[PDB]
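K.L.:
The numbering of the sequence shown is PDB author numbering, which starts it at 74 and goes up by one.
Have a look at the structure that comes next, please.
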Amino acid sequence: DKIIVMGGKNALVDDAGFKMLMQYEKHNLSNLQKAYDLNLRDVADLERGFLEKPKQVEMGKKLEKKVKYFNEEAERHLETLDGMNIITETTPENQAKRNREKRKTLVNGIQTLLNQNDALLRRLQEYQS
């Protein structure tokens with residue numbers, strides 16, 4: 074298919090590129106909902122108070138670390154969705170007259186030089202014979 078380009082900041086994407094990322098992001102969200110569900114639960118347990126106060130404090134620690142991490146992921150992905158621009162590519166032969174003329178000037182320019190250079194080479198290869 075086609076095009077995707079992220080420099081980490083803003084992202085350039087085309088139709089198939091956009092469908093692709095929405096795939097990846099939709100999935101990523103599903104993973105976030107799973108991660109959230111697991112933490113909402115563990116937190117709910119820890120709350121109960123099922124033995125060993127010191128073990129509970131260490132647990133909250135790990136959890137509080139996890140929720141925070143979650144928050145970083147979530148925000149990063151949302152940053153992504155927001156800096157995602159859709160592009161459409163237009164081919165040389167389908168560009169504005171102004172652009173076509175600019176290229177042609179140059180193509181003709183180069184083409185003439187290959188002809189002349191060819192002739193030059195054959196003039197060179199002759200003499201040295």
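Just so it is clear, CB atoms sit at the ideal spot from N, CA and C, and this is done for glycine as well.
In its own chain, which residues sit with a C-beta less than 6 Å from the C-beta of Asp-74, not counting the 5 before and 5 after it?
P.N.:
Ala-89
K.L.:
Going by DSSP, which residues form a beta bridge with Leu-124?
P.N.:
Paired residues: none, contrary to the question.
K.L.:
Where in the segment 80-140 do unbroken runs of the beta strand (DSSP E), each at least 3 residues long, occur, reported from the N-terminal end onward?
P.N.:
Fully enclosed beta strand (DSSP E) runs of 3 or longer: 84-86.
K.L.:
Terminal residues of the continuous beta strand (DSSP E) containing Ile-159?
P.N.:
157-159
K.L.:
Tell me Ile-183's beta-bridge partners as DSSP assigns them.
P.N.:
For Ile-183, which the question treats as bridged, DSSP gives no partner whatsoever.
K.L.:
In or out: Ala-169 buried (at least 16 other Cβ within 10 Å) or exposed?
P.N.:
exposed
K.L.:
For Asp-155 and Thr-178, what's the separation of their Cα atoms in angstroms?
P.N.:
Each residue's alpha carbon lies about 40 Å from the other.
K.L.:
Per DSSP, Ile-77 is paired with what?
P.N.:
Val-86
K.L.:
Within 10 angstroms of the Cβ of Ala-84, are there 16 or more other Cβ atoms? Answer buried if so, exposed if not.
P.N.:
buried
K.L.:
Could you give the distance in angstroms between the alpha-carbon of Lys-92 and the alpha-carbon of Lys-138?
P.N.:
33 Å
K.L.:
Would you mind sorting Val-130 into buried or exposed? The rule is 16 or more other CB atoms within 10 Å of its CB.
P.N.:
Around the beta carbon of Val-130, a 10 Å sphere encloses fewer than 16 other beta carbons of the protein chains shown; the residue is thus reported as exposed.
K.L.:
Rounded to whole angstroms, what is the Cα-Cα separation between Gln-201 and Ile-159?
P.N.:
58 Å
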